[PDB]
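Visitor:
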Amino acid sequence: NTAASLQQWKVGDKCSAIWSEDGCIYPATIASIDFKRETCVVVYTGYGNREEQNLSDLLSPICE
Ligand SMILES: CN(C)C(=N)NCCC[C@H](N)C(=O)O
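When you line the sequence shown up against the deposited numbering, it's residues 84 to 147, in that order.
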């Protein structure tokens, strides 16, 4: 189940995010967090793409 919904993040943290385009988990680092939108922008590592994710949706990063 999705137990990791108790996520609290800071900018510059590595994580994994769901790509809007494929819907898959990809490695991304937090570029900015807007606690009011309860969301944060992540930059997909290796790609350079950036999109906004929910703090609670963010998953633990890769082993890199
Ligand atoms: C998780 N991400 C961002 C990716 N798997 N990206 C691949 C496509 C990257 C290209 N700049 C584009 O956005 O079209």
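Cβ atoms here follow ideal geometry from the backbone N, Cα and C, with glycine treated the same way.
1) Note down, one range per segment and in chain order, each alpha helix (DSSP H) of at least 4 residues found wholly within the stretch 99-143.
2) So, under 8 angstroms CB-CB, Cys98 and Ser143 are touching, yes? Tell me the CB distance rounded to an integer number of Å.
3) DSSP state of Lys97, grouped into three classes?
4) Could you name the residues of the same chain whose beta carbon sits closer than 8 angstroms to that of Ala114, not counting the 5 residues immediately before and after it, in chain order?
5) In terms of alpha-carbon separation, which member of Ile101, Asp96, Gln136, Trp102 lies closest to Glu147?
Guide: On the basis of the data shown:
1) The stretch 99-143 contains no whole alpha helix (DSSP H) run of 4 or more residues.
2) 7 angstroms
3) strand
4) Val94, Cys123, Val124, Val125, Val126, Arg133
5) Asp96
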